[PDB]
Amino acid sequence: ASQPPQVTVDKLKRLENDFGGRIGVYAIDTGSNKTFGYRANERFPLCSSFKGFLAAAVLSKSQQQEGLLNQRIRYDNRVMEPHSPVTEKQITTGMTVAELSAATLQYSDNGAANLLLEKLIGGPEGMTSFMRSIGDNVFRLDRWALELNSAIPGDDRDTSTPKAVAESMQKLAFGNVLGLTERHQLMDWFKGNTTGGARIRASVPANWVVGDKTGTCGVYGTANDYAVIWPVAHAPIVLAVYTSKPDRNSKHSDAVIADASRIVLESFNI
Ligand SMILES: C[C@@H](O)[C@@H](C=O)[C@@H]1NC(C(=O)O)=C(S[C@@H]2CN[C@H](C(=O)N(C)C)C2)[C@@H]1C
């Protein structure tokens, strides 16, 4: 009862032509295992979207280190990265590992990301190692939170593919790589994300539940979102939407991400 894949491709190609850039998508119906991709194996910059996987890496570490989420981290006199809305307010108090993970995912706090990378996960190399450990052989993180957003065409640093992002989200949300407590916590963090209102969330009816993480590099019209979507009385759908434009000076488009998401989700004829 689903739409022919070529219909969906044809719609995405027209949207690409309107956008003036590249759109890559992959979606997984976790109940039927039906999938759909377009440019699904092309690399796109992750931008800040890696932070959802960073939070997962922290939870995986906590599953083996009792009490890790409650550990308090202080960062007096640290120079805080731009776009650190939570960490810049908690210097006097410090923040727990859980609070840092929630902030990095839900507010895209760069300071929280670099604090977790430095102090728990082992830098970009350790982030990449975590993804390898769940069978993602595509993801790579090469640089720290600010520098990874250059989004230069042809530069494979700090990239993944829509398929790999969606497949890794599926593993983390519903597979065995995290325990029940950790899955539930990860999903609750994604559900509370605050930066995705104009992207995948804008593509679904208001009574569906979404958990997501966005990325906005700020150059090369490059922006993205990936999500778990719970339709009414239907198995969850995992979706990744990544975009870029050839011109350094172009702006990204939230609306194109929302429209691509709508096209892909409608193709499952839920
Ligand atoms: C490198 C980092 O600084 C960015 C990562 O990609 C941050 N993460 C994103 C994101 O999309 O998640 C924004 S965009 C910002 C978060 N939402 C705001 C927004 O959508 N507005 C103001 C409309 C703007 C950061 C720069």
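Reading the values: rules and limits
- Residues numbered from 1 in each chain as written, not as in the entry; some residues may be left out.
- Heavy atoms only, no water.
- Disulfide = S-S within 2.5 Å.
- Helix = DSSP H or I, 4+ residues; strand = E, 2+ residues; numbered from the N terminus.
- Buried < 20%, exposed > 50% of the residue type's maximum accessible area, 1.4 Å probe, protein only.
- Pairing = 2+ DSSP bridges.
- Axes fitted to C-alpha atoms, helices over the stretch in contact; angles between N-to-C directions.
- Contact = heavy atoms within 4.5 Å.
- UniProt positions renumbered as here; feature names shortened; annotations may be inferred.
- Salt bridge = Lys/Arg side-chain N within 4 Å of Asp/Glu carboxyl O.

What the entry reports as its method is X-ray crystallography, with 1.3000 Å given for the resolution.

Summed over all chains, the structure comprises 1 disulfide. A sulfur-sulfur distance of 2.1 Å marks the disulfide that ties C47 to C217. Measuring handedness by torsion sign, the sulfur bridge of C47 and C217 sits at about -100° and is left-handed. Of the two residues, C47 sits in the loop between strand 3 (44-45) and helix 2 (50-62) while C217 sits in the loop between strand 7 (209-216) and strand 8 (223-230), which places them 170 residues apart along the sequence. A relative accessible area of 0% means that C47 is categorised as buried.

Time to look at the sheet that holds strand 1 (residues 22-29). Taken in spatial order, the 5 strands make up an open sheet running 2-1-9-8-7, and their pairing is antiparallel. Only two strands of the sheet have a single neighbouring strand rather than two, namely strand 2 (35-38) and strand 7. Averaged over all adjacent pairs, the angle separating strand axes in this sheet is 10°, with direction ignored. Its contacts with the sheet put helix 7 (residues 180-191) on strand 7 and strand 8, and the angle it makes with strand 7 is roughly 70°.

Another aspect to go through is unusual backbone geometry. Phi is positive for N33, close to 65°, though the residue is something other than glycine. Inspection of the secondary structure assignment puts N33 in the loop between strand 1 and strand 2. Of note in this structure, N77 is not a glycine but carries a positive phi near 65°. Its location among the elements puts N77 in the loop between strand 4 (72-73) and strand 5 (95-96). Looking at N77, the relative accessible area reads 80%, which means it is exposed.

In this numbering, the UniProt entry assigns the feature "domain: Beta-lactamase class A catalytic" (unreviewed entry) to residues 24-243. Across residues 24-243, helical content stands at 32% and strand content at 19%; the span's end C-alpha atoms are separated by 6 Å.

A separate point is the pattern of salt bridges. Scanning all chains against the criterion turns up 10 salt bridges. With its nearest N and O atoms 2.8 Å apart, the salt bridge here joins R39 to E16. Of this pair, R39 sits in the loop between strand 2 and strand 3 while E16 sits in helix 1 (residues 5-19); the two residues are 23 residues apart in sequence, bridging distant segments of the chain. Across the pair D155 and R157 runs a salt bridge, and its minimum N-O distance is 2.8 Å. Exposure remark for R157: the relative accessible area of 35% places this residue in the partly exposed category. One network of salt bridges, in which partners are shared, links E16, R22, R39 and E42.

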